[PDB]
Amino acid sequence: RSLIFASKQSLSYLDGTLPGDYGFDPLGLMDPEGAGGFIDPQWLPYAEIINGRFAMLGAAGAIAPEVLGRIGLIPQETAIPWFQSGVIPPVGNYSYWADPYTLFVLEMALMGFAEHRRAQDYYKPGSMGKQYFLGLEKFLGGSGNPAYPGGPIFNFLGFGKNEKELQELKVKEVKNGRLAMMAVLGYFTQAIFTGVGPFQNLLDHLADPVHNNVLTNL
Amino acid sequence: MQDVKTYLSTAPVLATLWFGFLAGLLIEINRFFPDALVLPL
Amino acid sequence: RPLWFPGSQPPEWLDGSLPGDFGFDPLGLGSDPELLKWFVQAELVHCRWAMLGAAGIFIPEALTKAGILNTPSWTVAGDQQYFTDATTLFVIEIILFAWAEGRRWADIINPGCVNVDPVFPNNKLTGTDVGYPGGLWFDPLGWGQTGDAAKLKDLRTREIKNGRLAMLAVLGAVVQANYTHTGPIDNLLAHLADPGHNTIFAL
Amino acid sequence: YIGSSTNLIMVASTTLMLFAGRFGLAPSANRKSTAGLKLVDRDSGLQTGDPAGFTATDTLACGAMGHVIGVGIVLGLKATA
Amino acid sequence: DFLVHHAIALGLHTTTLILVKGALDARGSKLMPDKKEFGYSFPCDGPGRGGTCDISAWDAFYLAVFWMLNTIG
Amino acid sequence: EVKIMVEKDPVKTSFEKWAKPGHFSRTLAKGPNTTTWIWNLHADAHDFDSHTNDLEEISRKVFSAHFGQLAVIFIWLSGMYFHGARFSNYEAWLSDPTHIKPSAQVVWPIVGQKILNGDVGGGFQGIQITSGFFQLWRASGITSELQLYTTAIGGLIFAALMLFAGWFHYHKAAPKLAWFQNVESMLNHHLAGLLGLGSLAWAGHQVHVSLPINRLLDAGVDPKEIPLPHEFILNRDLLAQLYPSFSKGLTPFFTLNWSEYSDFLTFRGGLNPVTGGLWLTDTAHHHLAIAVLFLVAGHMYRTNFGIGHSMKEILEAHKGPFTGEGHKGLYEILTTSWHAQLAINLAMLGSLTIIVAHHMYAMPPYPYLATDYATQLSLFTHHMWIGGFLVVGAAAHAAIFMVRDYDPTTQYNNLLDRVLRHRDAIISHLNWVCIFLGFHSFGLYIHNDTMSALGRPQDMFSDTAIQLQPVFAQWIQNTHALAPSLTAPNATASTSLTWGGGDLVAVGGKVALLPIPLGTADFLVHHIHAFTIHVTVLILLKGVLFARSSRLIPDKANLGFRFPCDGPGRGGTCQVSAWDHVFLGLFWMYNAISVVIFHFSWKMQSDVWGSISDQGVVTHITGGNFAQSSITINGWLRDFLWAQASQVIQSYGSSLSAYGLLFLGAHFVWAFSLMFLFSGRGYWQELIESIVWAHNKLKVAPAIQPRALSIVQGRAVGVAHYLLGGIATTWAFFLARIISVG
Ligand code: CLA
Ligand code: CLA
Ligand SMILES: CC1=C[C@H](O)CC(C)(C)[C@H]1/C=C/C(C)=C/C=C/C(C)=C/C=C/C=C(C)/C=C/C=C(C)/C=C/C1=C(C)C[C@H](O)CC1(C)C
Ligand SMILES: CC1=C(/C=C/C(C)=C/C=C/C(C)=C/C=C/C=C(C)/C=C/C=C(C)/C=C/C2=C(C)CCCC2(C)C)C(C)(C)CCC1
Ligand SMILES: CC1=C(C/C=C(\C)CCC[C@H](C)CCC[C@H](C)CCCC(C)C)C(=O)c2ccccc2C1=O
Ligand code: SF4
């Protein structure tokens, strides 16, 4: 029953059925009175899920080639920060098997075969596991809530079978999800200010914290 | 097209499509046959 | 029913009765039933001209690269000199297609009227559907006139889907000649060497 | 820089304005000034753990008036002394 | 001289147009059949029936004084 | 209480309402029966208050119409950047702009119009543009045409976004009425989010992109070898070699050592002697200051976070003994009427555009703006015409608020009720000051014409005859020149060169600016300007005040806005309507703004624009004749309307001959206006009856009955051709003369 940063306008719709329902809504964004296209109580918890899971793949992924290079498990050519890895070819470009403009077309082809399927399950649940898709359309049916399908592919260890266990574990997903969005936003501002990768930013601060903070470094 | 072609058949659109074709034709006559003051035929 | 967008509801005007119907109408231009029959007739001759187009673009240029034939590229094929001038090659073709497509114009408007040969009235086309004329001049093997309708619909679906790949291909050959200034078989072999880099973003 | 005059003004401009917004000396979200400059209580709806009524809006509002006033005192004293 | 003689013919023809129109629609017209019972130089007949500004024959004379000025100019 | 109220799918996106043209109005939904239906179809097309009585759907219509307008402006900006990218000599002009004219329009060689592709310089043929886009892109730091093409396709992307948002906020998620009635939040997000963050973002551009590129452009560096704008952001040593204050790296900003930013954030003032345009260290300090000031002003009003102002509480506490219950209900005026807010916003935008015109000839913000005289004359003239049109439209929508949204029950004994209660006093005293200004300015001109005609040059109002020196303006110009020494210390130079601080700036051998003299001629023409502005205020304010009723017609509000008259009664009630006062104020805007731009063109062609030879001698275009000829109407007809029109009429057979063609066709449209203005409906209706008889004789009668244009429509067509023809006449004469002598 922990409640922080809440208002009586915010608790009119945040009744606690959400996983990360801590009452934090000062602006009043999940109000069902003016629910529209993207500012509505059906898309916004599901938007935090997809932004949470891409940031948990993002915050872990932008530091993993830098941590693994200091301990000596990957080559130093790939042991590079995230910004000088072909993402922003101004601050640095690394030569992959393809140039990143061709890799972007390969990205949105595979994202277009993955996020269009994720899109139409939100508008109508279970309507995608009917048409033939490579003999694997039966597993891609999903639940009523489109943030958690829980099929044979997205729950392939079956972890969280109990309803009380799965609901409490959904709280740990969004709280690790929300920390990862502030990490990637923290990764973004440190890449512009410090100009060096985030694992070097942790190692610089762990040696001299009073001389390598945000105030000293730009 | 029971109503899209009805909008396309309205007076300003059909004046734009005809005079676009009409001025399009008279410009292209004035390219291959320019400075035409006397009809030779 | 296979559909182009499996979550979407199929349109009312695309009921699946047409060959190659996958419900793809986001702009809804085939909503009128009178204009839908014109557009199906427009798509049939578009499909067959592009498959005839793709056999004159990608087949002889593959034989040009393999050394089987010494034909020029498809972009510069009209620039070549022949026994008839290319300005007056058009009006021979326009006259010959005023009888080919003008008599096809009557079949779309009035079905079952131009199926009889005017010079010899005993000769006639064995066709009952608009866009599929039949007869000896167009179906000499008789594969398009079958008693069963499920096999006949799938064979017409096989004709449409083979067509619309070529309409992507001939349009693909046009933009490749405008961008790369290279024959599309040579664009394929450049892409077959290094597909990571030799793309549209190779500039 | 810690003992410099820029730090001591900007700390004290922020601290005194947060002291004024908490101890009922400044306008805040939960108390309004009328045309007579009289502090009258209101229910803004914002709920925090402060019994006086200090919320997350006021610590951003009085921090800003700790900063808008505090920038002007620092650069006012820089051009003068 | 040809072109300005057609300007002259334009001026005489349009002044004659307004003046013959004023003289022959003087008694009445399809907009207002009782123009004779309102006198010659009456102002208008009101905003009703679309609008009846300059409906009188004096107003056609008025509009053709501009046309004689343009013609003789 | 401020939060998002929208609702989902109000109207279905269908073309069946496109096919029926008059769907918005109940009278036009029955179909046409006369040819006046077509004109009321366009007249009531945008009038959303006449369609429905529900303000919610009206506000949704206005919001999506704003998005469609934004899409049209982004399409226009996409076109002007694509014309810079492909059909211009912007790189050639950017190599050296003192000899190559700015040109961004190529015509097609079809019918002899290829002579309009003139020799503008740089090995380029095209129409010489006067819109100032080249100097704007030089001030933006644009070096290549690839950046112009990228901005064009980005603007096309934003135009598609505005079209998508206009469809979205009418057919998918449209806001409700209380969303638009949150005016405190709208002002908080327009002051801080739009004008504050916009000024802050353009300040960041003018710190990183405009400033180093324009510093390298002052050094004579070729733009093909100037480093690209992101290289200053990436290689900050390259940015530090031009400004050493960048070597500290954002630590003086958070430690309040802003004076250490004195290398690139300055309060210099004046013009760059290299280019003739304002400094971008001053334009970047300007934008940073108006951003740290608009973002402060955007935290003023009360949305839903407790702190702020209810502006009804601001208004209802503003009440005085000379008014009583004033300012009360004005919040209910400005949140339930779109026309009242449109009147205020149009008055501020038109007056602001006039501010823009004066603050651009006088303080030219763009490099080589002042020395390209065509750009200066066209920018001043364009912004004066836009500003005059918007203030006449401000009075228009003020009058529409009176005739259709003014509720007298909610407005008792406030400011508006008392202004209506003494409107005879306002209009009569305005009438007196207009007649007094008319005699004491134009009769002074007539007196100068008479004594110059009668051979009495000493009996005139000259600088040599009876002097009328503007001592207040001549003192405020000395106060603005002798300011940096005592009243504004921290300034290196003065605000503008036109004040009197010297600094004869010569850029390319042509005068950018110098001290502007103010004499008897300037006094006379400023009193003409005050007179014409006052008379435009008189017709427009009379239409606002007598929109409800009059002594003549006490039931004028029931007749509406676009009604012609009551009839020939009460002596004649022709043009009693508030619309007809907007119609006459359009003519008085023509008169006012046309004399403003005429005074501008002659004043700076005589006293500012010119050339500087060796040993500091300044030869103007029309040397020194404003002080002696602009005091008589014969000088205005002779040394301005005849001497300077000696390049619009003999431009035939050259590249400027389209200005001669549009000069003559503009005279045509003006004399065509006099057909609609001087005539009336009933004559044309009976002439159309004769033509309909000739059609009945040959069985070519249309079922849509041919009708004459309505009286409101005939006046609208006449004033539209009058403004179009006269404004196009001045446009053609200006853009031929100052291109020819520039
Ligand atoms: C901080 C947020 C903010 C900002 C930046 C603006 C900005 C704007 N508003 Mg908006 N508005 C907001 C919030 C905001 N609004 C709030 C909270 C309210 C509700 C009370 C309104 C309700 C309101 C209405 C009803 C209308 C506007 C209109 C306008 C436009 C001004 C007209 C123009 O030509 O400007 C210059 C235009 C531009 C510079 C174009 C910029 C367009 C881009 C895509 C940004 C706009 C999206 C969004 C507002 C902010 C996203 C920021 C993004 C860049 C990260 C402009 C787009 C007017 C308009 O034109 O309607 C469309 C209009 O009358 N506003
Ligand atoms: C911010 C700008 C703004 C706003 C929102 C509006 C909004 C409106 N105006 Mg307008 N108004 C303004 C400013 C603006 N105006 C200005 C600039 C003026 C001075 C001219 C006025 C004067 C005013 C009056 C006099 C009246 C309105 C009215 C109207 C309403 C509907 C008009 C309609 O259906 O369009 C109709 C659109 C046309 C007929 C298009 C014609 C465009 C002009 C007149 C001619 C073409 C000019 C063009 C540049 C020349 C090209 C020539 C070429 C094609 C050959 C609507 C409320 C009317 C109303 O009833 O209000 C409720 C009306 O009576 N307006
Ligand atoms: C349906 C839909 C739905 C809704 O409506 C919406 C939308 C979207 C609109 C849609 C879609 C559309 C599309 C996709 C289109 C496209 C098309 C195409 C591309 C065609 C082509 C098509 C194509 C074609 C025919 C082609 C043809 C070809 C040809 C003849 C060729 C020829 C040739 C050859 C042999 C070779 C030589 O050496 C040369 C030549 C002579 C050259
Ligand atoms: C929990 C608690 C506590 C604590 C509290 C505190 C200590 C608080 C803090 C707070 C704070 C301490 C806050 C601050 C804030 C700040 C702000 C809010 C800021 C803002 C800013 C702005 C507004 C901007 C700026 C600027 C200016 C002003 C000028 C120009 C430049 C710039 C832009 C930068 C105590 C111990 C009592 C007790 C127990 C409990
Ligand atoms: C001329 C005139 C008319 C008559 C104006 C009319 C009939 C408008 C004519 C518009 C066009 C020219 C007719 C409609 C054109 C159609 C679109 C058909 C196209 C034919 C060609 C233009 C291609 C008035 O009604 C009027 C009313 C009040 C004061 C002054 C006047 C006035 O001066
Ligand atoms: S506006 Fe027309 S109807 Fe009304 S009084 Fe004048 S002329 Fe008569």
Side-chain angles (χ1 to χ4, degrees), chain D residues 10-11 13-15 17-19 21-22 48-50 54 56-72 74-75, chain E residues 42-56 59, chain F residues 2-5 59-60 62-71 73-74 157-158 161-162 165-166 169 175 178-198 200-201 253-254 256 258 288-289 291-293 295-296 298-299 303 338 341-342 345 563-577 580 680-682 710-712 714-715:
Chain D
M10 287 285 267
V11 159
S13 172
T14 318
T15 310
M17 186 70 186
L18 286 167
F19 182 85
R22 166 70 156 83
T48 52
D50 275 322
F54 205 82
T57 300
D58 316 310
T59 183
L60 289 185
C62 293
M65 284 306 111
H67 277 67
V68 172
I69 298 305
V71 159
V74 161
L75 294 154
Chain E
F42 64 98
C44 75
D45 185 40
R49 312 189 320 275
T52 49
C53 300
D54 291 331
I55 193 171
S56 88
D59 300 315
Chain F
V2 171
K3 62 181 146 174
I4 300 170
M5 283 73 74
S59 309
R60 293 156 183 180
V62 167
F63 198 33
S64 307
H66 289 173
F67 274 120
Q69 182 61 71
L70 278 173
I73 301 170
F74 274 117
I157 283 173
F158 278 105
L161 289 197
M162 302 310 123
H169 286 310
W179 188 89
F180 294 97
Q181 277 169 342
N182 292 316
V183 294
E184 282 88 1
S185 169
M186 186 179 289
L187 272 154
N188 280 3
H189 297 81
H190 283 195
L191 272 295
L194 179 66
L195 306 182
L197 288 194
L200 183 62
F253 187 76
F254 303 98
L256 274 298
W258 291 358
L288 187 51
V292 175
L293 174 135
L295 282 163
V296 160
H299 293 86
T303 62
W338 273 102
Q341 200 73 247
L342 184 47
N345 293 8
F563 73 102
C565 76
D566 216 353
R570 313 152 196 94
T573 43
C574 314
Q575 288 188 17
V576 286
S577 88
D580 295 303
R681 181 178 189 279
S710 307
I711 316 157
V712 191
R715 290 159 192 165

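Below, chains carry the letters A, B, ... as their sequence lines are ordered, and counting in each starts from 1. What's counted below: heavy atoms across the whole structure, side chains too, no hydrogens, waters or symmetry copies. Remember, it's 1-based here, ligands and their atoms both numbered in the order they're listed.
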> Of all the heavy atoms in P47(E), does at least one lie under 4.0 Å from an atom in ligand 6?
yes
> Just to confirm my output: which protein heavy-atom neighbour is closest to atom 34 (C) of ligand 4, and how far is it?
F253(F) CE2, 3.7 Å
> Which pair of heavy atoms, one from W179(F) and one from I4(F), lies closest together, and at what distance?
CD1-CA, 3.8 Å
> Measure the distance from atom 22 (C) of ligand 4 to every protein heavy atom, then report the residue, atom name and distance (to 0.1 Å) of the closest one.
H67(D) CB, 4.5 Å
> Do you know the tightest heavy-atom contact between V2(F) and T303(F)?
CG2-O, 3.3 Å
> Please check atom 4 (C) of ligand 4 for a protein heavy-atom neighbour under 4.0 Å.
no
> Could you work out, for atom 18 (C) of ligand 4, the closest of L60(D), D58(D), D50(D), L75(D) by heavy-atom distance?
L60(D)
> Please report whether atom 36 (C) of ligand 4 has a protein non-hydrogen atom at a separation of less than 4.0 Å.
no
> Return the CZ to SG distance between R681(F) and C44(E), rounded to the nearest 0.5 Å.
12.5 Å
> Which heavy atom in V11(D) sits nearest to a heavy atom in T15(D), and how many Å separate them?
O-OG1, 2.6 Å
> Within the 4.0 Å heavy-atom shell around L18(D), which atoms of ligand 4 are there?
10 (C), 11 (C), 12 (C)
> Within a distance of under 4.0 Å, is there any protein heavy atom near atom 11 (C) of ligand 4?
yes
> In the protein, what heavy atom is nearest to atom 23 (C) of ligand 4, and what distance, to one decimal place, separates them?
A64(D) CB, 3.8 Å
> At a 4.0 Å threshold, what atoms of ligand 6 neighbour a non-hydrogen atom of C565(F)?
1 (S), 3 (S), 4 (Fe)
> Rounded to the nearest 0.5 Å, what separation is found between the NE2 atom of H190(F) and the OG atom of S185(F)?
8.5 Å
> Return the residue, atom name and 0.1 Å-rounded distance of the protein heavy atom closest to atom 5 (S) of ligand 6.
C574(F) SG, 2.7 Å
> For atom 13 (C) of ligand 4, tell me which residue out of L295(F), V71(D), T59(D) has the closest non-hydrogen atom.
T59(D)
> Do the side chain of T48(D) and the main chain of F54(D) share a donor and acceptor less than 3.5 angstrom apart?
yes
> Measuring from atom NE2 of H67(D) to atom CG of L256(F), what distance do you get when rounded to the nearest 0.5 angstrom?
8.5 Å
> In terms of atom number and element, which parts of ligand 4 are under 4.0 angstrom from non-hydrogen atoms of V292(F)?
30 (C)
> Would you please classify the geometry between the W338(F) ring and the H66(F) ring as parallel, tilted or perpendicular, with 30° and 60° separating the classes?
perpendicular
> Starting from atom 2 (Fe) of ligand 6, what is the nearest protein heavy atom, named by residue and atom, and what distance separates them?
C53(E) SG, 2.2 Å
> Short list, please: which atoms of ligand 6 are under 4.0 Å from a heavy atom of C44(E)?
3 (S), 5 (S), 7 (S), 8 (Fe)
> Just to confirm, does any protein heavy atom lie below 4.0 Å from atom 26 (C) of ligand 4?
no
> Give the ring-plane orientation class for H169(F) versus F63(F), where under 30° counts as parallel, over 60° as perpendicular and anything between as tilted.
tilted
> Within the 4.5 Å heavy-atom criterion, are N182(F) and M5(F) side-chain neighbours or not?
yes
> What is the distance from atom CG of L194(F) to atom NE2 of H189(F), rounded to the nearest 0.5 Å?
11.5 Å
> With a sphere of 6.0 Å drawn around CZ of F42(E), does it hold more than 12 non-hydrogen atoms of other residues, nucleotides or ligands?
yes
> Relative to atom 31 (C) of ligand 4, which among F254(F), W258(F), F19(D) owns the nearest non-hydrogen atom?
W258(F)
> Which atoms of ligand 6 have any heavy atom of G567(F) under 4.0 Å away?
5 (S)
> Which one of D580(F), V712(F), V576(F), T573(F) satisfies the side-chain contact (heavy atoms from CB on, under 4.5 Å) criterion with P564(F)?
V712(F)
> Say you draw a straight line from OG1 of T59(D) to CG of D50(D); how long is it, rounded to the nearest 0.5 Å?
9.5 Å
> Tabulated below should be the N or O atoms of ligand 1 paired with protein N or O atoms at under 3.5 Å; can you produce that?
from: ligand 1; atom 1: 9 (N); to: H190(F); atom 2: NE2; distance (Å): 3.4
from: ligand 1; atom 1: 64 (O); to: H66(F); atom 2: ND1; distance (Å): 2.8
from: ligand 1; atom 1: 65 (N); to: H190(F); atom 2: NE2; distance (Å): 3.1

> Hey, is the main chain of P43(E) close enough, under 3.5 Å, to the side chain of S56(E) for a donor-acceptor pair?
no
> Which of the atoms in ligand 6, numbered in the order shown and given with their element, are less than 4.0 Å from a heavy-atom of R715(F)?
1 (S)
